[PDB]
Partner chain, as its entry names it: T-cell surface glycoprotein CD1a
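Quick setup: one chain, the form solved without the partner chain, written in structure tokens, and binding and motion questions come after.
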């Protein structure tokens, strides 16, 4: 049996401009087993948009998930990715930083 902790990156498709339609991406990589929960949060609430996701696999017991939704950045809204996985003792929340 093998288990690997997901690496989590949160980033927009295009440079963020308040307040212009864009896409917010989570790339959750290198994890095992495949059981996982991934959501984008807006001010702590699951994003009120259609989710897109794409799962792939490496032969070295590794899964890769690209997850995204539409979003319109603003100054006051904070976004985050929330991941839960058996390797995590609590859900992991990774903030979006448009300057990161």
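Positions refer to the first chain, counted from 1.
- Set 9-17 against 72-80 and average the Cα temperature factors; 72-80 ends up higher.
- On average the C-alpha atoms of 47-55 have higher B-factors than those of the other stretch, with 31-39 and 47-55 being the two compared.
- Ranked within its chain, residue 90 lands in the highest third, by CA B factor from the PDB record.
Not on display, but discussed next: the form deposited with the partner chain bound.
- Contacts to the partner chain in the deposited bound form (heavy atom within 4.5 Å) from stretch 5-22: 7, 9, 10, 11, 12, 13, 14, 15.
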